[PDB]
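*Asks:* Take a look and give me a structure for this.
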Amino acid sequence: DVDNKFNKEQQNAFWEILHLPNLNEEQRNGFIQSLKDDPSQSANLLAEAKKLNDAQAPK
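*Replies:* Residues are numbered from 1 along each chain as shown. Take a look at the structure below.
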């Protein structure tokens, strides 16, 4: 399910997903599902989100 307790650093990652202006809301969900599989690896996930933004290249 969902862990009532969270790490403050983890919260930072959640906001970055929201920031991605280039990406629509559905893409953001994809990161969340990954987070559930490996909460310890959320840091690893943090690096991946920035990379995806480049690919959309709305400009």
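*Asks:* the longest helix in this structure is where?
*Replies:* The longest helix of the chain (DSSP state H) is helix 42-56.
*Asks:* Give me the packing partners of that one, helices and strands only.
*Replies:* The contact analysis (3 or more C-beta pairs under 8 Å, 6 or more residues apart in numbering; DSSP states H and E) places helix 42-56 against helix 8-19, helix 25-37. For every residue, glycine as well, the C-beta is placed using N, CA and C.
*Asks:* how about the first one: buried residues?
*Replies:* In other words, helix 8-19. By neighbour count with 16 or more other C-beta atoms under 10 Å, helix 8-19 contains the buried residues 13, 17.
*Asks:* cool, the longest one as well?
*Replies:* For helix 25-37, the buried set under the neighbour-count rule, 16+ other C-beta under 10 Å, comprises 28, 31, 35.
*Asks:* name the helices or strands packed onto that helix?
*Replies:* helix 8-19, helix 42-56.
*Asks:* what would those helices look like in a markdown table with distance to residue 2?
*Replies:* Formatted as a markdown table, those follow (distance: least, C-beta to C-beta, whole Å):
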| stretch | distance to residue 2 |
| --- | --- |
| helix 8-19 | 13 |
| helix 42-56 | 14 |
